[PDB]
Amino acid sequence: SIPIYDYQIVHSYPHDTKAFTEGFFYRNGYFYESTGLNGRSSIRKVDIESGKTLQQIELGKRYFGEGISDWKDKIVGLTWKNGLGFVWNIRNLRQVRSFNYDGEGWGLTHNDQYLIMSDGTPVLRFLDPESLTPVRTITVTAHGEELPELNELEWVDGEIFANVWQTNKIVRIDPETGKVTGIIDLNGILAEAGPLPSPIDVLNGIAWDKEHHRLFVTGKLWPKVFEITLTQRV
């Protein structure tokens, strides 16, 4: 009754196996990743093919960085427990503004009007990109059930794709109703990943290139980012 989708790997690119991926998006032929690298949080511009870093800033010691997303000429980023967000110039990564919000920050994406954030609960926040305060929320449900643990996000083709932390699934959420309209099953994808690092952590990170319709998924300490297409199951 809830349509399930299987992946096909189109390509697979090296990813930093030391990087706890907290936020991930695609822009300008580049990856942008919010990364934990030994308790320190950095934000990073990655070359897609090499997985190498082309540019980074570090967050201050007291912040744990989470979701990131572009917005026009900016990167917006969340913190885990600080209630503080940042706005950077996407070009030189110089901090430009801070803002406050309640609760935790996990994932962050955007559609044409709004920044969209998760925080591990079933409740997604739509933010005014200007005031940076919520104007709508939706509650996320799968077969009528509240779906908590919503993590990294990505707006894909009219929908919110969200990692569900500690599963290998991605949910497609109708932004209007908050209903899960679809489930992407990435179980076993790691078997396709080449030799695994020690340690390795969980699926998390979805980026999308609107122009070419390319979907990229990764995860914390993963050795690959995967470009994937979807096929609806049987």
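Numbers for residues come from their place in the sequence shown, where the first is 1.
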| query | finding |
| --- | --- |
| Between the two ranges 168-176 and 57-65, the one averaging a larger CA B factor in the entry | 57-65 |
| Per the entry, higher mean C-alpha B factor between 133-141 and 113-121 | 133-141 |
| Top Cα B factor in the deposited entry, candidates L153, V156, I90, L78 | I90 |
| Identity of residue with top Cα B-factor, from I183, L190, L203, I206 | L190 |
| Within-chain third of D47 by Cα B-factor, per the entry | middle |
| Position of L108 among the chain's modelled residues by C-alpha B-factor, lowest, middle or highest third | lowest |
| Ranked C-alpha temperature factor of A162 among modelled chain residues, by third | lowest |
